[PDB]
Chemist: 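Take a look at the following structure, please.
Proteins get letters first, then strands, A, B, ... in listed order; numbering begins at 1 in each. Whatever order the structure lists them in is the order used to number ligands and atoms, beginning at 1.
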There are 2 protein chains.
Amino acid sequence: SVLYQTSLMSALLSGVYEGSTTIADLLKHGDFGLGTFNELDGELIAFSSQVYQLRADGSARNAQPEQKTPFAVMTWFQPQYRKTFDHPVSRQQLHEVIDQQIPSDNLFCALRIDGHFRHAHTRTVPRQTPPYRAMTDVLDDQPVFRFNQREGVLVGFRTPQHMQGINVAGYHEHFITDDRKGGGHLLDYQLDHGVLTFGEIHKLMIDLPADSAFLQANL
Amino acid sequence: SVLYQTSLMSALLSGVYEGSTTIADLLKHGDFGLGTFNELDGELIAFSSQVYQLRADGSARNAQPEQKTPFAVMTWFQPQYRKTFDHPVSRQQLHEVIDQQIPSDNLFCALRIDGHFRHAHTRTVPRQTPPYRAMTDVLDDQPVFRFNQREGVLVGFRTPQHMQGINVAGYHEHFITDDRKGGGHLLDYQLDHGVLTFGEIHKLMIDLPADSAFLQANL
Ligand SMILES: [Cl-]
Ligand SMILES: [Cl-]
Ligand SMILES: [Zn+2]
Ligand SMILES: [Zn+2]
């Protein structure tokens, strides 16, 4: 298993909000992952090669193969572990299960949950036009959506602290509903019951783009 | 071209001085590069699939395929640029030639020089036994070797500042003499005349080990 990363979080945060990488290009290096759309028009969630666009209004829709991303992380998901929960468990409790099984912070984890969420709180970036506001100011203004008692899918990664420059350090998780019409970037959640699958990943490929914005960015 | 990195500089600097990766394993992902030997017994230089061990006494010898490394960076060298110097040029002048041609700090460069060095100043780490002294104290005690008016080969990489956690930020260059009996990790040099070949690299593969020392290291 290889975590295949398109560009750098530092480049995204510097104001490089467009890339030439398509959703079809992402699915060449995985069936599973997360990322951002061109102009920061929400974020993607991918699992079993199905890709959805999650937008700031709490909506999900099928991603089109031609859509472009300035940043993404994909893998061929090959989980080594399965745990079924018949009783409610919080996000932080689920992370403790994963951290106990993969206690080295120096490895990546990929995690998926299929089940019934008591709640799933989401906040997703809206489409930006330059000159760009500070990301923290954009997030202050974005409403949180609260999915209550919903069946759905969670996709996430755990990133080592030794990667903080390059990627989201810690857990990054996205959510989509069973009907695939709702979801977002997760702030917190509680699983009422469902199945966790996850695995460790030892290999990271970083693919730096050629666009002039990336090349001329100050990192 | 892919820069293939075995482990992390942060893990090496934390005191993880042994890996299970062999020189033969390194040559599976390149013909060119740099790295460190188990127990920090000097450093390797590799070019056209020839690999040499450079030790603290200023000696070079052929590396054996079974020797192990805790850290290395290798590539299939595919230079896009060639410049011949008929007149003396310093290391810092040569770097200016490369930086002008590949002005984005956000890309990697691989560089090779074949030619006659006015001087090549080297300092190479000696074999360490735990408990380990601070790397800065070890370097303070290591003599500098000065190669004067020698034909030889330089191998090096330029690492983006956006990678400082993971790798040597900036230029990392090693030197070996024509007779392959002398060389080391370069501090400074001047080329009297010779040929520079170099290329940009957009892709980095980081391969994290499984040994308990790496997994239990604090990074
Ligand atoms: Cl709620
Ligand atoms: Cl000298
Ligand atoms: Zn997200
Ligand atoms: Zn060196």
Side-chain angles (χ1 to χ4, degrees), chain A residues 9 12-13 33-37 40-46 52-56 58 60 69-73 88 90-91 117-126 135 138-139 142-150 154-159 167-176 182-192, chain B residues 9 12-13 33-37 40-46 52-56 60 69-73 120-126 135 138-139 142 145 154-159 167-176 183-189:
Chain A
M9 182 55 39
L12 189 73
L13 290 176
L34 301 178
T36 299
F37 285 89
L40 258 57
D41 195 4
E43 281 191 272
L44 67 98
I45 184 178
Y52 305 88
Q53 178 170 30
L54 314 173
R55 286 186 296 163
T69 172
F71 180 81
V73 182
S90 72
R91 172 180 202 203
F117 296 76
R118 182 201 178 276
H119 65 91
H121 295 172
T122 65
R123 186 175 38 239
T124 307
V125 56
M135 181 54 78
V138 171
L139 292 178
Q142 285 322 289
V144 176
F145 291 100
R146 304 194 275 282
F147 300 88
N148 293 126
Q149 298 293 350
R150 297 300 283 279
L154 172 156
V155 166
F157 293 115
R158 194 194 75 191
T159 294
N167 197 174
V168 173
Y171 283 89
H172 187 189
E173 299 160 289
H174 293 175
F175 174 73
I176 195 168
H185 168 101
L186 280 162
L187 303 188
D188 212 338
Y189 60 89
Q190 187 159 124
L191 185 67
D192 182 280
Chain B
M9 182 55 39
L12 189 73
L13 290 176
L34 301 178
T36 299
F37 285 89
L40 258 57
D41 195 4
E43 281 191 272
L44 67 98
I45 184 178
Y52 305 88
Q53 178 170 30
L54 314 173
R55 286 186 296 163
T69 172
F71 180 81
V73 182
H121 295 172
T122 65
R123 186 175 38 239
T124 307
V125 56
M135 181 54 78
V138 171
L139 292 178
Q142 285 322 289
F145 291 100
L154 172 156
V155 166
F157 293 115
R158 194 194 75 191
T159 294
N167 197 174
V168 173
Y171 283 89
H172 187 189
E173 299 160 289
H174 293 175
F175 174 73
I176 195 168
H185 168 101
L186 280 162
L187 303 188
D188 212 338
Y189 60 89

Chemist: Hey, is the Zn ion (ligand 4) within less than 2.8 Å of some N/O/S atom on B:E173?
Modeler: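 Within the cut-off used here (under 2.8 Å), B:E173 places no N, O or S atom near the Zn ion (ligand 4).
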Chemist: If we count only N and O atoms by modelled type, under 3.5 Å, do the side chains of B:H185 and B:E43 hold a donor and an acceptor together?
Modeler: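 On atom types as modelled, these side chains qualify, holding a pair under 3.5 Å.
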Chemist: Between A:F175 and A:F147, what is the ring plane arrangement, given parallel below 30°, perpendicular above 60°, and tilted in between?
Modeler: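 Judged by the thresholds at 30° and 60°, the geometry between A:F175 and A:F147 is tilted.
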Chemist: Given the Zn ion (ligand 4) as the apex, I'd like the angle to OE1 of B:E43 and NE2 of B:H172, rounded to 10 degrees.
Modeler: 160°
Chemist: Is B:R55 atom CZ crowded by more than 12 heavy atoms from other residues, nucleotides or ligands, each under 6.0 Å away?
Modeler: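 Atom CZ in B:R55 is crowded, with more than 12 foreign heavy atoms closer than 6.0 Å.
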Chemist: Look up atom CG in A:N148 and atom CZ in A:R118, then write down how far apart they are to the nearest 0.5 Å.
Modeler: 7.0 Å
Chemist: Could you tell me the angle subtended at the Zn ion (ligand 3) by NE2 of A:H174 and ND1 of A:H185, rounded to 10°?
Modeler: 110°
